[PDB]
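Student:
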Amino acid sequence: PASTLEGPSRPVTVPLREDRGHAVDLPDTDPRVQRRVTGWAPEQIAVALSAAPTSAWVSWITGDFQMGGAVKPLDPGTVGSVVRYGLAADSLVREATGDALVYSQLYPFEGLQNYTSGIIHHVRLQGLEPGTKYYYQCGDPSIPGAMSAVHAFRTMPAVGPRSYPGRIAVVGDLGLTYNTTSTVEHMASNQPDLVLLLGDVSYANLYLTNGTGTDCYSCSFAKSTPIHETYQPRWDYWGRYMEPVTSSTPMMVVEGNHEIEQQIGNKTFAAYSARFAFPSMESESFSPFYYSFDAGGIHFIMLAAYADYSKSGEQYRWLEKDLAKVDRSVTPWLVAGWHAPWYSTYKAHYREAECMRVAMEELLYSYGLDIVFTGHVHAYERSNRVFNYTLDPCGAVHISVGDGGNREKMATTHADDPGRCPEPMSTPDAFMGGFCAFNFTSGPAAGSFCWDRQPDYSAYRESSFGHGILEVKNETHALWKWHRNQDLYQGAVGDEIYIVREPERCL
Ligand SMILES: *[C@@H]1O[C@H](CO)[C@@H](O[C@@H]2O[C@H](CO)[C@@H](O)[C@H](O)[C@H]2NC(C)=O)[C@H](O)[C@H]1NC(C)=O
Ligand SMILES: *[C@@H]1O[C@H](CO)[C@@H](O)[C@H](O)[C@H]1NC(C)=O
Ligand SMILES: *[C@@H]1O[C@H](CO)[C@@H](O)[C@H](O)[C@H]1NC(C)=O
Ligand SMILES: *[C@@H]1O[C@H](CO)[C@@H](O)[C@H](O)[C@H]1NC(C)=O
Ligand SMILES: *[C@@H]1O[C@H](CO)[C@@H](O)[C@H](O)[C@H]1NC(C)=O
Ligand SMILES: *[C@@H]1O[C@H](CO)[C@@H](O)[C@H](O)[C@H]1NC(C)=O
Ligand SMILES: *[C@@H]1O[C@H](CO)[C@@H](O)[C@H](O)[C@H]1NC(C)=O
Ligand SMILES: [Fe+3]
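Using PDB author numbering, you'd call the opening residue of the sequence shown number 2 and step up by one each time.
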C-alpha cells in the first residue's frame, strides 16, 4: 500500500464492469422492515455520540406511523423518554430522561397522501467513562411492556494523542436496497466502533406519496407531480433494518440533498432533523445540519453542504470558532465530513459544490485539515493531497464514498472522458445557488473546464458499491481501506493508503 509521504501517485481508473441494472429496493414485506414490536415498545433504537466521549445519545420511536387518510399527529407527552443504563447487564442502576417529538409530512395537493410519525425520543446519557461498554434499556417504565430489551454500546476512547477508536466506518448514499444490505453487512463484519453516514439516508424522495418508486425522480415524476414527493415509511423501514447496527454502534449522520424533502409551507429536512440525535447543543452549532465532536484524538467536523456556507453566514462563523478551539496536541487529527465532494472527477455532479469549496477551503487549509469524507457521487474516489486544485503536501486527502448502494444509477462516466465535459452553467447546485466554477487558468487543463484524462489530483476512482474503514494508529499515521461489495473473501481490500500527517511542516 502507498503512503501519502511518497507524494502523489499516478492516477488509477478501474475499468467498468458490465451494467447489471439498478439496485432493487427492499420491499415493504421484508421481515427486517416490518413492525416487530407492538403497542408503545421501542423500535428503531439508535446510539449517537455527544461532543465528548463522556456522553452519548440514545434515540428510538414508539408507536406505528400513519400513512394516508386523515392523519392525527400523536401527542409526544403521552409516552415518557427513559433510559436505564450501567456497566453490567444485570445492574442498570443509572437513569436518564429526555425529550419526545413527532413530525409530519404534509402536502396540500389533491391526491397526495399525508404522513405522521410515531413518537420519537432522544435521551442524553451523562457521566460515562470513555472507552467503556454500557448496557442500557430504553422506553417508558410506567407502561407495561414498553421497555426495550437490553442493548449495549461502547463509548469512544478518551481524548488524547495516543487514544483512537480502532475502526471508523464511512458510508454515504445508502438508500435501502439489497445492495445496501451488502454494504451494511460488509461494514458490520469489520466491527467498526463508529459509523459516519455522509448524507442521503433512506431515499424516501424516490417515491410518490402513494408508494410508487423510481430509480430517478427527475426522469419519472419531475413534470407530472406538483412537488418533489416522498414516501416517508421508507425512513421507518430504514430505521428498522438498521437497528441491529445502530443500537450497538454509534452512528453520526449529516444531511444530503435527498433529506431536503420539501413539504407544506416550504418546510424542509423534517425527517432528518427529528429522527437522529446530533451534538448540536454540546458543540454549540445549535443546528442539526453541522456540528463537531471528539472521538479519541480525532476532532470531527460535520459540515452542511445544504445550509448557508458563505463567509458571512452562521455556519462559517461557527466553523471559525470551532477550529480556533482545537488543540492539536490533544486531538492531533482534524477530519471533516459533508455531503458534496469538492474534487470528484465523475461527470455526475462535477464541480457542483464549487461555491462551498471557494467559501470554506482556505479556512480549513489554514487550520491543517487532514482528511475529508463525502458522499453524493455514486462511485468511490480518493484524491491525492490537494488544495485549491493544486497538488500540495499540506492539502487534505479528499475521499468520496457515496457508493452505499441506493437504487439510483452508478456514476460511471468521467468528466474527462472524450466528449463528456459538461457545460459549465449546468453544473451548480440549484438548491444552494451561485456559480463559482470557472475554467482553469494554470496547470495541464488551463483554459478548459475539464481535463482530457484523469486529473492528477485524483489518485483512484472506481464505479463500485462499498464502504471504507479508517484506522488511526497514532498522532501521525492513519490507515484508510475501502472495500468493494462484490468482493466477499476474507481480508479483501479495494483501495488502501497510509495517510501520514506532518504537523511541523504544515501547521
Ligand atoms: C505510528 O503508526 C505507524 C503505523 O502503525 C507506525 O509505523 C510502523 O512502525 C513499525 C515499527 O517501526 C513498522 O514495522 C511498520 O512498518 C510501520 N508502518 C508504517 C506505515 O510506517 C509508527 O511507528 C508509529 N509511530 C509512533 C508510535 O511514534
Ligand atoms: C394533508 O395535510 C394538509 C395540511 O394539513 C391538508 O391541507 C390536506 O387536506 C391533507 N390531505 C388529506 C388527504 O388529508
Ligand atoms: C447489486 O446487487 C445485485 C444482487 O445481489 C448484484 O447482482 C449487483 O451486481 C449489485 N450491483 C453492484 C453495482 O455491485
Ligand atoms: C401513484 O400516482 C401516480 C400518478 O400520480 C400513478 O402513476 C401511480 O400508478 C400511482 N401508484 C399507486 C399505487 O396508486
Ligand atoms: C424555501 O426553503 C428553502 C430551504 O430553507 C430556502 O432556501 C428557500 O429560500 C425558501 N424559499 C422561499 C420562497 O421562502
Ligand atoms: C485558488 O487559485 C485561483 C487561481 O489561481 C486564485 O485566483 C485563488 O486566489 C486561489 N484561492 C486561494 C484561497 O488561494
Ligand atoms: C471553458 O472550457 C470549455 C471546455 O471545457 C470551453 O468550451 C469554454 O469555451 C471555456 N470557457 C472560457 C471562458 O474559457
Ligand atoms: Fe447527494
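Note that the Cβ used here is the ideal one computed from N, Cα and C, for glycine as well.
Could you name the residues that DSSP lists as bridge partners for residue 152?
Tutor: Locating residue 152 in the sequence shown gives position 151, counting from the first residue. 137.
Student: With residue 187 as the anchor, note down where its alpha helix (DSSP H) starts and where it stops.
Tutor: Here residue 187 corresponds to residue number 186 of the sequence shown, with the count starting at 1. Unbroken alpha helix (DSSP H) run through residue 187: 179-190.
Student: Say yes only if the C-beta of residue 372 is nearer than 7 Å to one or more non-hydrogen atoms of ligand 2, and no if none qualify.
Tutor: By one-based count along the sequence shown, residue 372 stands at place 371. Checking every heavy atom of ligand 2 against the Cβ of residue 372, none is found closer than 7 Å.
Student: From the DSSP secondary-structure annotation, give me the bridge partner or partners of residue 49.
Tutor: In the sequence shown, counting from the first residue as 1, residue 49 sits at position 48. Note: residue 49 sits in a beta bridge opposite 58.
Student: So is residue 407 buried or exposed if we call it buried at 16+ other beta carbons inside 10 Å?
Tutor: Taking the first residue of the sequence shown as position 1, residue 407 is located at position 406. Label assigned to residue 407: buried.
Student: Using only alpha-carbon positions, find the residue among 171, 502, 31, 120 that is nearest to residue 368.
Tutor: Here residue 368 is taken as the residue at index 367 of the sequence shown, counted from 1. Comparing Cα positions, the closest option is 502.
Student: What residue ranges within the segment 287-369 form continuous alpha helix (DSSP H) runs of no fewer than 4 residues, ordered along the chain?
Tutor: Counting only runs of 4 or more, we get 315-326, 355-367.
Student: Indicate whether residue 463 and residue 492 have their beta-carbon atoms separated by less than 8 Å.
Tutor: Numbered from 1 along the sequence shown, position 462 holds the residue referred to as residue 463. Numbered from 1 along the sequence shown, position 491 holds the residue referred to as residue 492. No, the pair does not count as a contact, with Cβ atoms beyond the cut-off.
Student: Considering just the uninterrupted stretch of the alpha helix (DSSP H) at residue 65, what are its terminal residues?
Tutor: Taking the first residue of the sequence shown as 1, we reach residue 65 at position 64. Note, residue 65: premise wrong, no alpha helix (DSSP H); not H, not E.
Student: Can you tell me which of 349, 370, 242, 218 puts its alpha carbon nearest to the alpha carbon of residue 324?
Tutor: As a first step, residue 324 is located in the sequence shown; it is residue number 323 there, counting from the start. Nearest option by C-alpha distance: 370.
Student: Name the two residues that bound the continuous beta strand (DSSP E) containing residue 247.
Tutor: Within the sequence shown, numbered from 1, the residue matching residue 247 stands at position 246. Looking at the DSSP string, residue 247 is not in any beta strand (DSSP E); the run it does join, the alpha helix (DSSP H), is 234-247.
Student: Below 8 Å, how does it come out for the segment 470-477 and the segment 442-451: are there three or more Cβ pairs, yes or no?
Tutor: No, the segment 470-477 does not touch the segment 442-451.
Student: Mind reading off the beta-carbon distance from residue 375 to residue 456? Whole number of angstroms is fine, and I expect it under 8 Å.
Tutor: Here residue 375 refers to the residue found at position 374 when the sequence shown is read from its first residue. Here residue 456 refers to the residue found at position 455 when the sequence shown is read from its first residue. The pair is not a contact, with the Cβ atoms about 16 Å apart (cut-off 8 Å).
Student: State the start and end residues of the unbroken alpha helix (DSSP H) segment that holds residue 273.
Tutor: By one-based count along the sequence shown, residue 273 stands at place 272. Here the alpha helix (DSSP H) through residue 273 covers 271-276.
Student: Return yes when the Cβ of residue 125 is within less than 8 Å of the Cβ of residue 87, no when it is not.
Tutor: On the sequence shown, position 86 is the one that residue 87 refers to. On the sequence shown, position 124 is the one that residue 125 refers to. No, Cβ-Cβ distance for residue 87 and residue 125 is not below 8 Å.
Student: Where residue 130 and residue 505 are concerned, what is the direct C-alpha to C-alpha distance, given to the nearest angstrom?
Tutor: Reading the sequence shown from its first residue, position 129 is the one you call residue 130. Reading the sequence shown from its first residue, position 504 is the one you call residue 505. Roughly 33 Å separates the two Cα atoms.
Student: Taking 8 Å as the cut-off, decide whether the C-beta atoms of residue 287 and residue 293 are in contact.
Tutor: One-based indexing of the sequence shown puts residue 287 at position 286. One-based indexing of the sequence shown puts residue 293 at position 292. No. Outside cutoff.
Student: Under three-state DSSP, which class holds residue 265?
Tutor: As a working mapping, residue 265 is identified with position 264 in the sequence shown. If DSSP states are grouped into helix, strand and coil, residue 265 belongs with the helices.
Student: Does the separation of the CB atoms of residue 265 and residue 107 fall below 8 Å?
Tutor: Taking the first residue of the sequence shown as 1, we reach residue 265 at position 264. Taking the first residue of the sequence shown as 1, we reach residue 107 at position 106. Yes; because the gap between Cβ atoms is below 8 Å, this pair is in contact.
Student: When every heavy atom of ligand 6 is checked, does at least one fall within less than 7 Å of the C-beta of residue 443?
Tutor: Taking the sequence shown and counting its residues from 1, one reaches residue 443 at position 442. Because some heavy atom of ligand 6 lies under 7 Å away, the Cβ of residue 443 counts as near it: yes.
Student: What is the rounded straight-line gap between the Cα of residue 481 and the Cα of residue 120?
Tutor: Your numbering for residue 481 matches position 480 in the sequence shown. Your numbering for residue 120 matches position 119 in the sequence shown. Approximately 39 Å between the Cα atoms of the pair.
Student: Can you look up residue 23 in the DSSP assignment and give me helix, strand or coil?
Tutor: The count along the sequence shown starts at 1 and reaches residue 23 at position 22. Coil.
Student: Starting from the Cα of residue 223, find the closest Cα among 236, 208, 48 and give me that residue.
Tutor: As a working mapping, residue 223 is identified with position 222 in the sequence shown. Answer by Cα proximity: 208.
Student: Just to check, is the beta-carbon of residue 207 closer than 7 Å to a non-hydrogen atom of ligand 4?
Tutor: For this step, residue 207 is matched to residue 206 along the sequence shown. The answer is no for residue 207.
Student: Just the residues with CB closer than 5 Å to a heavy atom of ligand 8, in chain order, which are they?
Tutor: Chain-ordered list of matching residues: 201, 257, 258, 377.
Student: Buried or exposed: where does residue 303 fall if 16 or more other Cβ atoms within 10 Å of its Cβ makes it buried?
Tutor: Position 302 of the sequence shown, counted from the start, is the residue given in the question as residue 303. Buried, by the Cβ-count rule.
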